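Chain residues, written in single-letter form:
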Amino acid sequence: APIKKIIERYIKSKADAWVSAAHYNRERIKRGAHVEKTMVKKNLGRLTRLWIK
RNA sequence: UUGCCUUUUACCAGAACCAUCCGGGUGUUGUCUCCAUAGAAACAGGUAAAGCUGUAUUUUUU
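Residues numbered from 1 in each chain as written, not as in the entry; some residues may be left out. Chains lettered and ligands numbered in written order. Part of a larger assembly, values for the part shown. Heavy atoms only, no water.

For this deposited structure, the header cites cryo-EM as the method used and 3.80 Å as the resolution.

The next point concerns the environment of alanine 22. Relative to the helices and strands, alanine 22 is located in helix α1 (residues 2–31). A residue is classified by how much of its surface remains accessible, and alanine 22, at 4% relative accessible area, is buried. For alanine 22 and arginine 9, which are 13 residues apart along the polypeptide, the C-alpha to C-alpha distance reads 20 Å. Once you skip the residues sitting within four places of it in the chain, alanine 22 turns out to touch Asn43 and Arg46. (Helix = DSSP H or I, 4+ residues; strand = E, 2+ residues; numbered from the N terminus. Buried < 20%, exposed > 50% of the residue type's maximum accessible area, 1.4 Å probe, protein only. Contact = heavy atoms within 4.5 Å.)

Near RNA strand B, the surroundings consist of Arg31, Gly32, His34, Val35, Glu36 and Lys37. Protein-adjacent atoms of RNA strand B, using a 4 Å cutoff, are sugar or phosphate at a proportion of 60%. The contact in question runs from a base oxygen of RNA strand B to an N or O atom on the side chain of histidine 34, over 2.6 Å. For RNA strand B, a sugar or linking oxygen lies 3.5 Å from a polar atom in the backbone of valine 35. Its residues assigned to classes, the surface near RNA strand B shows one nonpolar, two polar and three charged. (Near = heavy atom within 4 Å. Polar contact = N/O pair within 3.5 Å; in protein donor to acceptor, adjacent residues only side chain to side chain. Nonpolar A, V, L, I, M, F, W, Y, C, P; charged D, E, K, R; others polar.)

Turning our attention to the packing of α1 against helix α2 (residues 37–52). Viewed as axis vectors pointing N to C, α1 and α2 meet at an angle of 125°, and their least axial separation amounts to 9 Å. One way to sum up the angle between α1 and α2 is to call them oblique. For the pair α1 and α2, the crossing hand works out as left-handed. Facing α1, whose interface residues are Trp18, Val19, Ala21, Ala22, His23, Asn25, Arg26 and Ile29, α2 presents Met39, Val40, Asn43, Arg46, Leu47, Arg49 and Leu50. Taken together, the residues that form the contact of α1 with α2 break down as nine nonpolar, three polar and three charged. (Axes fitted to C-alpha atoms, helices over the stretch in contact; angles between N-to-C directions. Parallel < 35°, antiparallel > 145°, perpendicular 65-115°, else oblique. Left-handed = near helix turned anticlockwise from the far one by under 90°.)

Set out below in structure tokens:
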């Protein structure tokens with residue numbers, strides 16, 4: 001239980017950090033604000049995944 | 001924060017703080033260079049020259 005719980009919490013944290021980041025990236029893309037091609041691709045992928053979820 | 005852009009340096013152009021630099025005086029010393037060398041004169045007043053003032057009949061002194 002405890003170890004598992006801790007792991008869960010950290011993955012939640014990661015998600016929070018990740019999802020927010022993705023959102024930010026998307027916003028940037030929408031604007032037209034020096035997005036990296038690779039970064040944009042990642043955002044597209046990540047965002048797609050999020051949508052699916 | 002923008003822009004070219006999509007990787008970065010190297011860049012666009014604005015902002016705010018900051019620094020660096022190329023320079024600048026001023027003052028005081030110290031030096032370097034070039035020219036130079038006197039340790040005592042005013043008072044009594046003259047001689048000469050420079051600074052300023054002047055040109056008795058009701059309110060100044062006739």
